[PDB]
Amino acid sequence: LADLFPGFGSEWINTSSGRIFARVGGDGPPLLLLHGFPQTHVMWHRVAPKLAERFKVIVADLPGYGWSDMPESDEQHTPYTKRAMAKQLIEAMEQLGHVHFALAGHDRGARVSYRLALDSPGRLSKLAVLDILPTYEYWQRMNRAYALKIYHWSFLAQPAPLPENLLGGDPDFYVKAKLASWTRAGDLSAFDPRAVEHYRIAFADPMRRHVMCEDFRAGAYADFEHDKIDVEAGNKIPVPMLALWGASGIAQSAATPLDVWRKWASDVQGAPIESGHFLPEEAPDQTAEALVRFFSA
């Protein structure tokens, strides 16, 4: 596997829930970057060098993803809920001496990030979420068109071992088809092939695939319920926030994302980028610029 972060160090950070692997580089204010599904920390490799010119950049594998440890799950999928992942990453950052930091997340990692902001706003100076709406909003929008467009939320949330058994026959095909299908052009051309190999190797481990399913089970059940409590109470994130989405990504399906996020956050700005879902790989210079300017201001 290739080293896609030249000159970055590595940390394997202990927490009460297991180790978090991260690449660490740069200097300045601390900035945590969180990937999502079906990727690992390496999805930040095209923007992390530029961010490291201005920040101390921590590029972490989510709990149970990449090289982080895989806690045993339970009937409520607890360790893979975004509430639990957020708590674990807060512990990891404390091990580095970071108790107040900037945070950018994409896909599942963006869900960790906004849940972190709802549960522990004091931990964050600023927050960016990439190509997501809150989990509650995806489910509330559920109808025939959405069910057909974004089927994997309900498929991967089916009780074990059904998605695990389907994914086991030809995992390479599924993960490559997902990566391609969510890009603007619909192929793998936006990705460095060395980064694709990182994603493929992680997806080839049945234990890693089980974690991904637990993540989507949490997304169907406890994560949705946590979100429902906040929206029905009118709780809004007070942390200054940036929502970036792809004009051809998942979040924009049939919703104006900034209007959605303004219901969830009291100080949010946002913009689309011409891109499918994988903003930091499909549109690295614009994503890095948007992030550097937001976190620097």
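Note that residue numbering begins at 1 and tracks the sequence as displayed.
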{"item": "Which of 211-219 and 195-203 has higher mean CA B factor, as the PDB entry lists it", "value": "195-203"}
{"item": "Segment of higher mean CA temperature factor, 176-184 or 81-89", "value": "176-184"}
{"item": "Deposited CA B-factor, highest of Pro49, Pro38, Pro272, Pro63", "value": "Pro49"}
{"item": "Criterion, highest CA B-factor; candidates, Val42, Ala247, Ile229, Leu33", "value": "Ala247"}
{"item": "Relative C-alpha B-factor of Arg123, binned into the chain's lowest, middle or highest third", "value": "middle"}
{"item": "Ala288 - which third its CA temperature factor falls in, relative to the rest of the chain", "value": "highest"}
{"item": "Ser189, C-alpha B-factor rank within chain (lowest, middle or highest third)", "value": "highest"}
{"item": "Among modelled residues of the same chain, the CA temperature factor third for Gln76", "value": "highest"}
{"item": "Third assignment of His106 from its chain's C-alpha B-factors", "value": "lowest"}
